[PDB]
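Accompanying notes for the structure given below.
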Amino acid sequence: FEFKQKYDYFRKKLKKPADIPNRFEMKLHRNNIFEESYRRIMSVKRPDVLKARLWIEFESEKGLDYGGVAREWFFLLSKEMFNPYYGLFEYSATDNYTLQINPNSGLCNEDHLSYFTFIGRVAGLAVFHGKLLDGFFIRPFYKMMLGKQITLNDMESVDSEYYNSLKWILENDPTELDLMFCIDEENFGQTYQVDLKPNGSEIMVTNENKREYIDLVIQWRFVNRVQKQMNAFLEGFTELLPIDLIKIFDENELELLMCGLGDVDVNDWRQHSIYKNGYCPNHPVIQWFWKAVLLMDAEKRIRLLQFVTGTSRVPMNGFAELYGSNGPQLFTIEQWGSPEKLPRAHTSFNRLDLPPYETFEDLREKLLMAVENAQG
Amino acid sequence: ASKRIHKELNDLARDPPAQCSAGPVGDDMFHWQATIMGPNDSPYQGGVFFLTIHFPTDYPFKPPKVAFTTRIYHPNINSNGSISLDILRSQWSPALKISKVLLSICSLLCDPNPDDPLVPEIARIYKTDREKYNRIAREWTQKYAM
Amino acid sequence: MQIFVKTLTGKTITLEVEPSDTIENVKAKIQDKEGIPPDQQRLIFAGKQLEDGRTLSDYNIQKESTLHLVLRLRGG
């Protein structure tokens, strides 16, 4: 209810100006969508015109819809903007698939700022027209839009083990860990040390500055090296919508508002899964598993994925490109235990130890349980 | 990160961890290698296993990656040598010293954890047919650990 | 004596116990109302991990004490 309530009130406050075309004229080649889309959207001088209906046609797929090519144009341009290899955004981790601004975006695309506002122009444009962008960001991103402050707490969704280690520094004496006010970076197999503050390389994390240290570490991890960018993204995002008209939503709501839910494509999933120690594609238990998945709804599915892989998200190129601690690792299902035991998982190898269940509902009950009553 | 590693290194030099030695090879200070001797009167008796210890640039906020290079027949250690130890993932703490992670691995060798296994087939054996597990595990020590 | 065992879903399992019962048994009972083997259970009581080698009166778990059913499920 609460979310539904809010959304609607949100939709209405928005207003279509009266001195703009009936629709927005767009026709471009699917194989060069980014640059072309970029030039079009980024030339309009009456940014308001962009509030007109999406009228799109590609000189490739001459599908006479021109309504539905709007749902696609977003799903297609996203795969471009939020591609970890274009250089504008990257993955928070090798196995997290949640995007974040590349601090070194400037040293990749030479005038990247114009591009961020563009991604912003679009980004918001999609919210105005009730569409969704593809891919998700680390909480801090959303929090930056909302005008929230970033803190130690915010890096637990991004990197738990790091969070905890920092939180330890916070509740103990760190003099023995012999830390210095600096970090370590890598590029071309070379590890180079960077200072958090002037001469940090030479300063110890005592028990008097341990707070100020956890500050710089977080400041640097999610804020220092991207404010110019994150700001451009907003310049554009708000050329379509009033930034404060959105503060009514929260971190998770705003997320669901522009990046929807992450409903997992069940097919691409089943197809890129491997079975070990007994199980195989046509095995009885396996046959049920998937029929159990078929039944679950968006939430329960994403959870199931989170319980087994440790991330509720999925790579850009699907389940074929899944990663584990040590690299590429397809979803795995291995036979283990007696029917008594609940199913287990090792988020490091994206594996699921599934005890050989005797009946379908027998499996469904123990699975749906592990999934829900989980993450602790 | 740097100072943290050296210091911890000399701390091994001064009073080392019994049954296990570990230090960097080559110049790199982020890539060590360790040796652990099969706990006495365990099926790994007589053997000597080799391990790699890669320290991430996020140390010690993130745990070091530790793996067995020498084939070993155990319930929580697979063919790649991936070790299913808790203080290596969910339980790591910036305070922990290598000596203590190495020693923890010795522990796991003489007294497995067959209920939170990494290798299912082996777990069931060490649970139902113990002397089997011992016979097998011992033979692997002859082929790969010697 | 009556207590509560809250699962991570918001649900709760009210059971019937006596102050001398060993935590190892609070699970045997939750194991019939939920069917969850004890070795995959963890009852967290106000930030502390209650042992199966103790009793309800050792941690002052009294009438209406709300423990927590934590599923110990990710592997080793």
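No Cβ is skipped: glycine too gets one built from the backbone with ideal geometry, and neighbour counts run over all protein chains shown. Numbers and lists here come from the model and the stated rules, or from a named source; no laboratory instrument gave them.
I'd like to know if the stretch B:93-102 contains one or more residues that are touching a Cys at 6+ places or on another chain (Cβ under 6 Å) and crowded, with 21+ Cβ neighbours inside 10 Å. Scanning the stretch B:93-102 turns up at least one residue that is touching a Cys at 6+ places or on another chain (Cβ under 6 Å) and crowded, with 21+ Cβ neighbours inside 10 Å. Take the conditions (1) at positive phi; (2) out of contact with any strand residue (DSSP E or B) (no Cβ under 6 Å at 6 or more places or on another chain); A:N350 misses just one of them, which is (2).
Residue by residue, here is whether (1) buried (at least 19 other Cβ atoms within 10 Å of the Cβ); (2) under 30 Å from A:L166 (Cβ atoms) holds:
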| site | (1), (2) |
| --- | --- |
| A:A123 | yes, no |
| A:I138 | yes, yes |
| A:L146 | no, yes |
| A:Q149 | no, yes |
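Summed over the stretch B:116-146, residues that are free of Cβ contacts under 8 Å to residues at least 60 places away in the same chain, surrounded by 14 or more Cβ atoms within 10 Å (Cβ to Cβ) and in a loop (DSSP other than H, G, I, E, B) total 4. Among the residues making up the stretch A:149-161, those that are in a helix (DSSP H, G or I) and either acidic (D, E) or within 10 Å of chain B (Cβ to nearest Cβ) (or both) are A:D154, A:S160, A:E161. Of all residues in the stretch A:258-277, those being in contact with a helix residue (DSSP H, G or I) (Cβ under 6 Å, 6 or more places away or on another chain), outside any helix (DSSP H, G or I) and more than 30 Å from A:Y142 (Cβ to Cβ) number 1. Does C:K29 satisfy the condition of being surrounded by fewer than 18 Cβ atoms within 10 Å (Cβ to Cβ), among the basic types (K, R), more than 12 Å from chain A (Cβ to nearest Cβ) and under 10 Å from the mean Cα position of the chain (by Cα)? Yes. Determine whether the stretch A:69-79 contains at least one residue that is touching a residue at least 12 places away in the same chain (Cβ under 8 Å) and assigned to a loop (DSSP other than H, G, I, E, B). Within the stretch A:69-79 (the criterion being touching a residue at least 12 places away in the same chain (Cβ under 8 Å) and assigned to a loop (DSSP other than H, G, I, E, B)), the answer is no, since none of the residues qualifies. Note on the stretch A:180-194: residues that are buried (at least 18 other Cβ atoms within 10 Å of the Cβ) and either within 19 Å of the chain's Cα centre (by Cα) or at the interface with chain B (Cβ under 7 Å from one of its Cβ atoms) (or both) total 1.
The test for being on the phi > 0 side of the Ramachandran plot and touching a strand residue (DSSP E or B) at 6+ places or on another chain (Cβ under 8 Å) does not hold for A:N326. Within the stretch C:58-76, restricting attention to residues that are free of Cβ contacts under 8 Å to residues at least 60 places away in the same chain and part of a loop (DSSP other than H, G, I, E, B), which residue is surrounded by the fewest Cβ atoms within 10 Å (Cβ to Cβ)? If we take residues in the stretch C:58-76 being free of Cβ contacts under 8 Å to residues at least 60 places away in the same chain and part of a loop (DSSP other than H, G, I, E, B), then C:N60 is surrounded by the fewest Cβ atoms within 10 Å (Cβ to Cβ).
Here's the yes/no breakdown for (1) outside the structural domain of A:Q375 (by CATH); (2) in contact (Cβ under 8 Å) with a residue 60 or more places away in the chain; (3) within 17 Å of A:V371 (Cβ to Cβ):
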| site | (1), (2), (3) |
| --- | --- |
| A:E299 | no, no, yes |
| A:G318 | no, no, no |
| A:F331 | no, yes, yes |
| A:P356 | no, yes, no |
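Conditions tested, residue by residue: (1) more than 13 Å from chain B (Cβ to nearest Cβ); (2) part of a loop (DSSP other than H, G, I, E, B); (3) more than 26 Å from A:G262 (Cβ to Cβ); (4) free of Cβ contacts under 8 Å to residues at least 24 places away in the same chain.
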position	(1), (2), (3), (4)
A:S105	yes, yes, no, no
A:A126	yes, no, no, no
A:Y163	no, no, no, yes
A:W168	no, no, yes, yes
A:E176	no, no, yes, yes
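Assess whether A:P328 counts as being surrounded by fewer than 18 Cβ atoms within 10 Å (Cβ to Cβ) and more than 14 Å from chain C (Cβ to nearest Cβ). Yes; evaluated as a whole, the condition is true for this residue. Within this structure, A:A292 fails the test of being over 18 Å from the mean Cα position of the chain (by Cα) and within 14 Å of another protein chain (Cβ to nearest Cβ).
Of the numbered conditions (1) touching a strand residue (DSSP E or B) at 6+ places or on another chain (Cβ under 7 Å); (2) of a type in the set (G, A, S); (3) more than 10 Å from B:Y73 (Cβ to Cβ), B:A145 satisfies every one except a single condition; which is it? It is condition (3) that B:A145 fails.
Filtered by the rule that a residue be surrounded by 15 or more Cβ atoms within 10 Å (Cβ to Cβ) and either more than 14 Å from chain A (Cβ to nearest Cβ) or under 21 Å from A:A345 (Cβ atoms) (or both), the stretch C:1-23 gives C:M1, C:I3, C:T7, C:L15, C:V17, C:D21, C:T22, C:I23. Does the stretch A:84-94 contain any residue that is of a type in the set (D, E, K, R) and over 14 Å from the mean Cα position of the chain (by Cα)? Looking for residues that are of a type in the set (D, E, K, R) and over 14 Å from the mean Cα position of the chain (by Cα), one finds none in the stretch A:84-94, hence no. Among the residues of the stretch B:13-31, those that are touching a residue at least 40 places away in the same chain (Cβ under 8 Å) and in contact with a strand residue (DSSP E or B) (Cβ under 7 Å, 6 or more places away or on another chain) comprise B:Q19, B:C20, B:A22.
Residue count for the stretch A:358-376 satisfying the condition of being without any contact (Cβ under 8 Å) to a residue 24 or more places away in the chain and more than 10 Å from chain C (Cβ to nearest Cβ): 4.
Whether a residue is closer than 21 Å to C:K11 by Cβ, surrounded by fewer than 19 Cβ atoms within 10 Å (Cβ to Cβ) and within 11 Å of chain C (Cβ to nearest Cβ) was assessed, and A:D297 does not pass this test. Every condition in (1) within 14 Å of chain A (Cβ to nearest Cβ); (2) touching a residue at least 60 places away in the same chain (Cβ under 8 Å); (3) farther than 23 Å from A:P174 by Cα holds for B:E8 except the one numbered (3).
Inside the stretch B:57-88, can you point out the residues that are at the interface with chain A (Cβ under 7 Å from one of its Cβ atoms) and not aromatic (F, W, Y)? Within the stretch B:57-88, B:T57, B:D58, B:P60, B:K62, B:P63 meet the criteria. May I ask you to verify whether A:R39 is assigned to a helix (DSSP H, G or I) and touching a residue at least 12 places away in the same chain (Cβ under 8 Å)? It is false that A:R39 is assigned to a helix (DSSP H, G or I) and touching a residue at least 12 places away in the same chain (Cβ under 8 Å).
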